[PDB]
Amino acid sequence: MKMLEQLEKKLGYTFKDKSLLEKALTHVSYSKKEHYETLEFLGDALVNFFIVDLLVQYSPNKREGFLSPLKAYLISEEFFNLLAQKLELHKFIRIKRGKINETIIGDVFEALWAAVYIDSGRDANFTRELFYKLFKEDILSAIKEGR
């Protein structure tokens, strides 16, 4: 369809179980029985780790006072939306009632990485490094800019 799962080519990764990927992309308004909500919950903590790990390695200054606000931006909806563009998740998400929002794209973006993690055999290094190959550039840049 519109979907086709050609996201995996944008993503650089091919899913084993294709139901995973779909559950990450599916809003509850499309499906109340199989949507992204629990993937999202895992994906928030996962991605948070990926970003805090990078941040502590590439930040000009290693003080919590400099890190936390920067951390705050790098895990925000606006930033996640900036990173999702590259994947253009809004083409593959399935939702019902006309309320796609930017917070949903962030939800899905977080769910997506949780989906890659699990479909990878819960391998965090691989998944970490896959996140880095796609977004490290953009993160270092934001880190460059500060704020």
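One rule holds for the numbers: they count along the sequence shown, beginning at 1.
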query	finding
65-73 or 104-112, whichever carries the higher mean Cα B-factor	65-73
93-101 versus 30-38 - greater average Cα B-factor per the deposited record	93-101
Per the PDB entry, maximal CA B factor within 52, 118, 82, 46	82
Residue with maximal Cα B-factor (values as given in the PDB entry) among 139, 25, 124, 11	11
Lowest, middle or highest third - CA B-factor, residue 133	middle
